[PDB]
Amino acid sequence: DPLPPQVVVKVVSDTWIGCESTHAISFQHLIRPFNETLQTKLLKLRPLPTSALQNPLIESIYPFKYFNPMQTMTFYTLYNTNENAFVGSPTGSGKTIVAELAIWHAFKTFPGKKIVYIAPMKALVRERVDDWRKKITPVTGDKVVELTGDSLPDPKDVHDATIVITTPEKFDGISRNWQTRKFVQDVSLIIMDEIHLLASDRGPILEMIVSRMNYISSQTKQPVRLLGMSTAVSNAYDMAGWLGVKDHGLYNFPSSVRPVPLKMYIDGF
Amino acid sequence: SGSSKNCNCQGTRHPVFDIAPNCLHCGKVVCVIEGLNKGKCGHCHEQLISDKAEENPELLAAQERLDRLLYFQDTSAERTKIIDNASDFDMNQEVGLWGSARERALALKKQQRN
Amino acid sequence: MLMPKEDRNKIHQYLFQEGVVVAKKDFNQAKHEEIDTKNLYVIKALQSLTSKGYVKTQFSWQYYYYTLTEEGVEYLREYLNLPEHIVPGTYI
Amino acid sequence: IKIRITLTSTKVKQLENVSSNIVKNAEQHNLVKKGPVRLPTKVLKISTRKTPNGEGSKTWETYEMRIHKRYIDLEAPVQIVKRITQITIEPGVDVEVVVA
Amino acid sequence: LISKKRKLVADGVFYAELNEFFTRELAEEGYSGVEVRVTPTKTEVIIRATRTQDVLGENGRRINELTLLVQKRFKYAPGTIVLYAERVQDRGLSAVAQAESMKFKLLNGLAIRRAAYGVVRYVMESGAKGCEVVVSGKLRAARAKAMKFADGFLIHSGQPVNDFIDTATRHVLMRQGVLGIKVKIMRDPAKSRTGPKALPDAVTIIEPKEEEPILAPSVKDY
RNA sequence: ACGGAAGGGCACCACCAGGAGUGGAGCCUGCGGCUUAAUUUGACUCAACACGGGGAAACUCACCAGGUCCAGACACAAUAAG
RNA sequence: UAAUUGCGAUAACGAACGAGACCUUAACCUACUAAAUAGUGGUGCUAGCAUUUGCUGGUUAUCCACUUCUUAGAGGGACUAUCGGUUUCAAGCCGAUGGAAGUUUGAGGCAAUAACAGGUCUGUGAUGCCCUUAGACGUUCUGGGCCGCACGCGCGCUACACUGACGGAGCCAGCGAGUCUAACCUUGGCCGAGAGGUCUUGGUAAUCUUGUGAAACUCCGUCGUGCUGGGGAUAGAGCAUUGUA
Ligand SMILES: [Mg+2]
Ligand SMILES: [Mg+2]
Ligand SMILES: [Mg+2]
Ligand SMILES: [Mg+2]
Ligand SMILES: [Mg+2]
Ligand SMILES: [Mg+2]
Ligand SMILES: [Mg+2]
Ligand SMILES: [Mg+2]
Ligand SMILES: [Mg+2]
Ligand SMILES: [Mg+2]
Ligand SMILES: [Mg+2]
Ligand SMILES: [Mg+2]
Ligand SMILES: [Mg+2]
Ligand SMILES: [Mg+2]
Ligand SMILES: [Mg+2]
Ligand SMILES: [Zn+2]
Ligand SMILES: [Zn+2]
């Protein structure tokens with residue numbers, strides 16, 4: 001953490017004396033991307049659990065009254081603001097509730113929309129919907145239609161669907177029709193999880209999607225709110241600048257803080 | 001202080017107000033600058049400061065781990081430690097007993113006894 | 001010269017933890033920087049240690065940079081009666 | 001906010017380089033910019049006798065230091081101003097900025 | 001609050017203060033110059049010497065004290081000064097370093113004819129177009145006389161001398177008196193890579209490619 | 001290298017045509033001389049003489065008449081907490 | 001040819017340093033990049049005279065535009081360009097036109113081999129040696145002297161006058177310099193013949209001193225060929241400033 005004056009290499013023989021040579025390697029090419037953004041856990045002692053929500057419709061559901069502790073700088077920032085921000089949450093530290101802020105973000109301002117969720121693997125599609133069949137639809141009266149490769153729902157149902165969960169590859173095919181697909185005009189917030197898959201093969205599929213919406217927002221001249229769900233990521237700055245997020249709101253917490261402590265052990269063979 | 005500069009940094013560039021870390025109505029974070037100059041919220045214009053059995057049991061139980069989470073963050077320097085199978089773990093505080101060998105002299109005396 | 005033990009005691013102990021002391025070649029200036037004493041003693045008390053092979057001296061446009069040598073370290077330790085490896089100037 | 005940045009290198013070639021990148025850095029972010037202004041060169045002359053003694057034909061030298069100065073005026077909200085000073089540091093080319 | 005009329009003037013003297021310090025401090029460690037780098041809140045300096053480990057030392061000792069001396073003397077705030085230790089590239093080309101070796105060779109009973117002519121062959125071997133060494137003062141006699149050893153070729157006139165030759169002088173203490181050292185080394189222009197790449201009068205022509213006449217109107221369509 | 005030797009060719013630190021002059025008068029300043037306690041001192045054609053960047057009231061300062069201090073580091077030996 | 005700079009002849013060939021080239025500065029660009037720390041025009045508020053369309057103006061948060069003038073950075077621009085004479089018709093030279101520039105465009109920086117027993121120990125914490133090193137040639141305090149004046153020299157300034165002197169008015173530059181733990185450059189107000197003093201001001205400086213409103217200069221008046229109103233050392237008296245003095 002304290003940057004040393006250099007990193008120096010030493011070569012030494014094993015039989016003679018003084019058969020040594022030294023090179024001092026300077027490192028000065030230290031740029032703002034070359035850092036970890038991170039955030040220190042501040043004094044957020046008093047939460048706004050359930051009571052400070054101003055919507056009795058949802059206050060009657062989600063019986064877990066206390067607000068999430070790990071959302072210190074998140075809380076209600078995106079609840080009212082329309083500004084793109086990055087939320088990196090390691091492990092299962094509220095991935096369900098934090099992904100549900102899309103209804104909190106702008107659904108109250110304009111209801112009956114088709115905000116689209118994106119998951120990296122097809123396995124996440126089932127859990128992101130099946131677990132939510134008895135949590136939102138029975139109480140909010142809003143239906144959710146899955147859009148996958150094995151499912152071909154009625155397009156009128158897709159238009160009337162409230163939340164759409166689609167893998168990037170399956171989303172790519174319907175993303176080929178922004179010119180004429182009348183389904184895709186209601187995009188106000190796009191949410192996706194496990195956004196640090198870019199090193200994988202599927203990452204290129206998802207990466208090109210965001211740049212597509214940036215052109216749509218740029219060309220059509222209206223803002224489209226974004227929301228990133230992921231774990232701790234080393235290059236926080238560069239991805240933040242590519243999502244078009246701004247200073248108010250950024251979540252980057254290390255593996256040091258977890259809901260349950262993690263123990264590690266190393267071995268060789 | 002009566003200043004009209006609504007510092008809505010939410011603590012990003014300024015220390016947060018210790019007495020009023022946030023807003024009780026809309027969750028906006030109020031820093032120290034936003035705190036002294038106005039007692040009202042900048043977003044929803046709600047007052048920040050009003051002029052164990054009784055308390056909700058889950059409110060005080062919740063903040064208990066927050067202090068631990070703060071403790072976890074504050075005590076995160078050594079949490080990256082590795083047990084390994086090659087770690088000597090000299091278990092010394094700062095020195096090997098001032099770099100002097102008399103604590104094990106009794107072991108030699110014990111060997112002499114044996 | 002004849003002069004209180006309080007400041008040579010201060011001088012050497014100050015020289016101990018960081019290992020460098022700087023004193024202008026300004027005679028009779030009487031107020032050293034971050035040493036309340038006079039430079040007159042700071043300038044001369046040290047080449048005596050250099051004379052008995054303890055510290056090394058430069059002029060560098062009459063600024064008198066000082067730094068103790070390798071064996072200069074221990075001599076002061078019994079002079080101040082600190083324990084072995086208390087707080088040398090070799091700290092990382 | 002009226003961000004004012006001054007540049008007073010002794011060297012001109014690299015100063016232009018560290019100035020050339022700035023103006024394009026403002027426009028690439030689609031920001032209002034007021035152009036670089038090159039103040040007159042400050043010439044620091046010192047005329048001295050050649051010889052160290054007092055003898056000889058009265059031969060004189062003068063020595064010149066050139067102090068070029070450049071500054072560019074920008075206006076922007078704070079979020080994109082703190083992201084300018086911390087970069088573009090090159091040797092012998094000091095950079096100073098004043099707000100308002 | 002210092003005017004740039006005086007700030008930078010004070011800035012150049014800070015460099016000159018530092019350089020005369022090292023050549024008095026690390027002379028035997030192959031001191032080869034320095035440059036001062038200024039950064040907002042960060043003041044960093046690059047020390048050039050052949051034995052980077054000796055300039056650095058165990059636990060970064062030598063730099064830590066040298067950083068510490070500059071720390072105290074110029075009243076810097078802790079951590080506002082950082083030293084950098086680096087080697088000199090092409091030690092056989094740098095007049096500052098080759099001046100020191102001559103100051104070394106003389107003190108060891110080595111012949112002024114042999115010792116000087118030794119450095120010149122290595123300088124030209126290391127990539128120099130020209131190089132010479134001047135040694136002045138009493139040499140085998142109480143009457144002062146100077147002998148000059150040179151090889152290659154050197155220019156005396158024009159600003160290329162500033163650009164193409166570097167100067168170096170190191171006095172020698174000897175019990176006959178002071179024997180002066182003056183070294184001017186002319187680097188290869190071909191490796192200048194910063195500004196000019198050759199002498200001003202150097203005019204070169206790229207060789208063409210000759211072509212035989214077609215001798216016939218010919219047709220290539222697409 | 002020198003020539004009251006020759007050829008050829010240069011130069012307002014040479015000349016010609018001329019300007020403005022200095023050498024004459026007052027004073028400022030420098031050098032020699034005289035003097036004094038001292039009037040510190042280097043340089044004497046070009047290549048010294050408003051030059052030592054020297055226009056010095058103290059300082060500068062080296063000189064004159066005087067008065068304080070030791071900066072003798074370090075080592076050795078002597079005296080020695082009556 | 002300014003040039004061991006060239007043509008050429010040739011017991012020499014091929015090289016090298018000096019010269020030149022190099023670079024700094026000076027004038028050209030109505031061309032690129034721009035600019036209240038520069039300016040120009042128009043437009044808002046506003047002063048004066050004829051008033052009718054004007055002329056002279058003032059105005060920082062009244063705006064908008066521009067870069068001719070001022071700044072630079074980047075570039076171009078001169079190579080004797082072209083024409084005519086003269087020379088083995090070879091380097092060149094001379095004249096003319098054009099050109100901002102045609103005596104390497106002017107002025108500089110730079111500047112060799114060899115040498116002086118030139119100057120310097122009074123720049124050097126650069127040094128070899130010698131003298132001294134404790135009522136010291138060391139250091140430091142009071143007061144002198146470095147300035148003393150029968151004379152002789154050198155760099156000089158001021159003049160001996162109507163191309164003048166003096167009183168009024170007209171009224172113009174450029175290279176520069178200037179404060180932080182200090183007290184720098186000082187506008188404006190006020191006091192004071194003047195010297196100068198006091199209360200503030202802006203300026204760490206293309207933005208404040210400063211248009212440095214300088215002088216010699218121009219015009220209108222006084223004087224009048226008199227060692228005179230030229231010239232101002234000499235002396236004496238007093239008033240302020242510097243700095244402990
Ligand atoms: Mg002439
Ligand atoms: Mg004549
Ligand atoms: Mg005359
Ligand atoms: Mg001559
Ligand atoms: Mg005196
Ligand atoms: Mg005196
Ligand atoms: Mg007006
Ligand atoms: Mg012709
Ligand atoms: Mg010339
Ligand atoms: Mg000298
Ligand atoms: Mg004198
Ligand atoms: Mg003269
Ligand atoms: Mg008149
Ligand atoms: Mg002017
Ligand atoms: Mg008169
Ligand atoms: Zn704030
Ligand atoms: Zn609120």
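Given a cut-off of under 8 Å on Cα pairs at least six residues apart, what relative contact order in percent is computed for chain C?
Working: 102 pairs, mean separation 28.1, N = 92.
That works out to 31 percent.
Please name which of A:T37, A:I191, E:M124 has its Cα lying farthest along the dipole of the protein assembly as shown towards the positive end, using unit charges on Cβ (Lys, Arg +1; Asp, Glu -1) and the Cα centre as origin.
E:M124
Quick one: if the Förster radius is 51 Å, what FRET efficiency do C:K56 and A:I266 give, using the C-beta to C-beta distance and rounding to 0.05?
Efficiency computed from Cβ-Cβ geometry: 0.60.
Would you please state which residues of the range C:35-58 a label at C:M3 would reach in this model, taking the label point 7 Å out along Cα→Cβ and a backbone N cut-off of under 14 Å?
Residues C:35-49 fall inside that zone.
What list of whole percents do you get for P(r) of chain D, with Cα-Cα distances grouped in 10 Å bins up to the one holding the largest distance?
Calculated P(r), rounded to whole percents: 13, 38, 22, 11, 9, 6, 1.
For the range E:60-196, max minus min Cα coordinate along each principal axis, in Å, sorted largest first?
53, 44, 25
Between beta-carbons, use under 10 Å as the cut-off and find the net charge around D:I72, counting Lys and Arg +1, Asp and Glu -1. Intermediate results must be reported in sequence, preceding the final value.
Values: positive: D:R4, D:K33, D:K34, D:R70; negative: D:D73.
So the environment of D:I72 carries a net charge of +3.
How big is the range A:28-143 on each of its three principal axes, counting only the C-alpha atoms and giving the largest first in Å?
58, 38, 26
Sequence gap at least 6, Cα distance under 8 Å: using those rules, report the relative contact order of chain E to the nearest whole percent.
Worked out over chain E, it gives 14 percent.
If we restrict to alpha carbons, what Rg and Dmax does chain B come to, in Å?
27.0, 85
Taking a point 7 angstrom from the Cα of A:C19 along the C-beta vector, which residues in the range E:36-64 have backbone N less than 12 Å away?
none
Using Cα pairs closer than 8 Å and at least 6 residues apart in sequence, work out the relative contact order for chain D, in percent.
Reported as a whole number, the value is 50 percent.
Could you pull out every residue, at least 5 positions away or on a different chain, whose amide H is within less than 5 Å of the one on A:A85? Hs are placed 1.01 Å off N in the peptide plane, and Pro or chain starts have none.
Those lying under 5 Å, H to H, from A:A85 are A:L226, A:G228.
With r as the distance between the Cβ atoms of A:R176 and A:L152 and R0 = 25 Å, compute the FRET efficiency 1/(1 + (r/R0)^6) and round to 0.05.
0.95
With runs of 4+ DSSP H residues as the only contributors, calculate the mean residue ellipticity of chain E at 222 nm using -39,500 (n - 2.57) per run, divided by the residue total and rounded to the nearest 500. Present the calculation step by step, with values, prior to reporting the outcome.
Values: 6 runs with 72 residues, N = 222.
Rounded to the nearest 500, it is -10000 deg cm²/dmol.
Among C:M1, C:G89, C:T57, which residue has its Cα furthest toward the positive end of the charge dipole of chain C, with +1 on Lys/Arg Cβ and -1 on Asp/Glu Cβ?
The residue sitting most towards the positive pole is C:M1.
Pairs E:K105/E:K129; A:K114/A:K182; E:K105/E:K148; C:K24/C:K56; D:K42/E:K184: which are spaced more than 21 Å apart, C-alpha to C-alpha? All intermediate terms of the calculation are to be shown ahead of the outcome.
Details: E:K105/E:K129 24 Å; A:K114/A:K182 12 Å; E:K105/E:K148 16 Å; C:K24/C:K56 15 Å; D:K42/E:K184 32 Å.
Result: E:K105/E:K129; D:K42/E:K184 exceed 21 Å.
Could you derive backbone 3J(HN,Hα) for the range E:142-159 from the dihedral phi with the Karplus parameters 6.51, -1.76 and 1.60 (θ = phi - 60°), listing whole Hz in sequence and x where the residue is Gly or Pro?
Here the 3J(HN,Hα) series is 6, 7, 5, 8, 10, 10, 10, 10, 9, 7, x, 7, 10, 9, 9, 10, x, 5 Hz.
Averaged across A:19-32, how many Cβ atoms of other chains sit within 10 Å of each residue's Cβ atom?
Details: counts 0, 1, 2, 8, 4, 11, 1, 5, 0, 6, 0, 0, 2, 3.
Across A:19-32, the average partner-chain Cβ count within 10 Å equals 3.
Please compute, for peptide A:37-44, the average count of beta-carbon atoms on other protein chains lying within 10 Å of each residue's beta-carbon.
The mean count of partner-chain Cβ atoms within 10 Å per residue comes to 5.
Please give the charge dipole size of chain B, origin at the Cα centre, charges +1 on K and R Cβ atoms and -1 on D and E Cβ atoms. Round to the nearest 20 debye.
520 debye
Just subtract the alpha-carbon distance of E:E211 and E:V178 from 0.36 nm times their residue separation and send over the number in nm, one decimal.
On the way: separation 33, 0.36 × 33 = 11.88 nm, distance 6.77 nm.
Going from the current span to full extension adds 5.1 nm.
B:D18 versus A:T140, label points 7 Å from Cα toward the beta carbon: distance in nm?
4.0 nm
Residue by residue, what Karplus-based ³J(HN,Hα) values in Hz, rounded to whole numbers, does the range A:120-130 have, using 6.51, -1.76 and 1.60 with θ = phi - 60° and x for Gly and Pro?
Going residue by residue, I get x, 10, 4, 5, 5, 5, 5, 5, 5, 10, 4 Hz, with x marking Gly and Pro.
With the dipole of the protein assembly as shown worked out from charges on the C-beta (+1 for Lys and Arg, -1 for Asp and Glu) around the Cα centre, which of A:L250, C:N39, A:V9 lies farthest toward the positive end?
C:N39
Just the Kirkwood number for the range B:1-61, please: inverse of mean 1/r across all distinct Cα pairs, in Å, one decimal.
Kirkwood radius, the range B:1-61: 12.3 Å.
Apply the Kirkwood formula to the range D:1-60: the hydrodynamic radius equals the inverse of the mean of 1/r over all pairs of different alpha-carbon atoms; give it in Å with one decimal.
After inverting the pairwise mean of 1/r, the radius is 15.6 Å.
Which ³J(HN,Hα) values in Hz, rounded to whole numbers, follow from the phi angles of the range A:4-9 under the Karplus curve 6.51 cos²θ - 1.76 cosθ + 1.60, where θ = phi - 60° and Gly and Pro get x?
Each residue of the range A:4-9 in turn: x, x, 7, 10, 10, 9 Hz.
Given a Förster distance of 30 angstrom, what is the FRET efficiency for C:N28 paired with C:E78, based on the Cβ-Cβ distance and rounded to 0.05?
0.35
Within 10 Å of each Cβ in peptide B:19-26, how many partner chain Cβ atoms are there on average? Round it to a whole number, please. Walk me through the intermediate numbers first.
Values: counts 0, 1, 6, 10, 4, 5, 5, 8.
The per-residue average across the peptide is 5.
Would you list the P(r) distribution for the range E:152-222, with all Cα-Cα distances sorted into 5 Å bins from 0 and each bin expressed as a whole %?
3, 10, 14, 13, 9, 8, 7, 6, 6, 6, 4, 5, 2, 2, 2, 1, 1, 1
Go ahead and set up a Gaussian network model of chain E, Cα springs under 10 Å, then flag whichever of E:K209, E:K42, E:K72 fluctuates most.
Of E:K209, E:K42, E:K72, the most mobile in the Gaussian network model is E:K209.
Net charge near E:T41: determine it from the other residues with C-beta under 15 Å of the C-beta of E:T41, scoring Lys and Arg +1 and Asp and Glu -1.
On the way: positive: D:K82, E:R37, E:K42; negative: D:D94, D:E96, E:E44.
Here the count lands on 0.
Send over the semi-axes of chain C's equivalent ellipsoid, whole angstrom and largest first, taken as the square roots of 5 times the C-alpha gyration tensor eigenvalues.
Gyration-tensor ellipsoid for chain C: 21, 15, 12 Å.
Before rounding to the nearest 500, sum -39500 (n - 2.57) across all DSSP H runs of length at least 4 in chain A and divide by the residue total; then give [θ] at 222 nm in deg cm²/dmol.
The helix-only estimate for chain A comes to -6000 deg cm²/dmol at 222 nm.
Starting with the highest mean, order A:27-35, E:56-64, A:172-180, A:190-198 by the number of other Cβ atoms within 10 Å, averaged over the residues of each peptide.
A:190-198, E:56-64, A:172-180, A:27-35
Please go through the residue pairs C:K5/C:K38; A:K41/A:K65; A:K44/A:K122; A:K10/E:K103; C:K10/C:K52; E:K5/E:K182 and name each one whose alpha carbons sit more than 26 Å apart in this structure.
A:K44/A:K122; A:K10/E:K103; E:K5/E:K182
Do me a favour and compute the ellipsoid semi-axes for chain A from its Cα gyration tensor, root of five times each eigenvalue, largest one first, whole Å.
So the three semi-axes of chain A are 41, 24, 19 Å.
Evaluated at 4 °C with a viscosity of 1.567 mPa s, what Stokes-Einstein diffusion coefficient in µm²/s does the protein assembly as shown have when Rh comes from the Kirkwood expression over alpha-carbon pairs?
Reported coefficient: 38 µm²/s.
Plugging the Kirkwood radius over Cα pairs into Stokes-Einstein for the range A:178-235, at a temperature of 10 °C and a viscosity of 1.306 mPa s, what D comes out in µm²/s?
Answer, rounded: 124 µm²/s.
Readers should treat all values here as calculations from the given coordinates under stated rules, not as data from a laboratory. We place every Cβ from the backbone using ideal geometry, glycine too, and count neighbours over all the protein chains shown.
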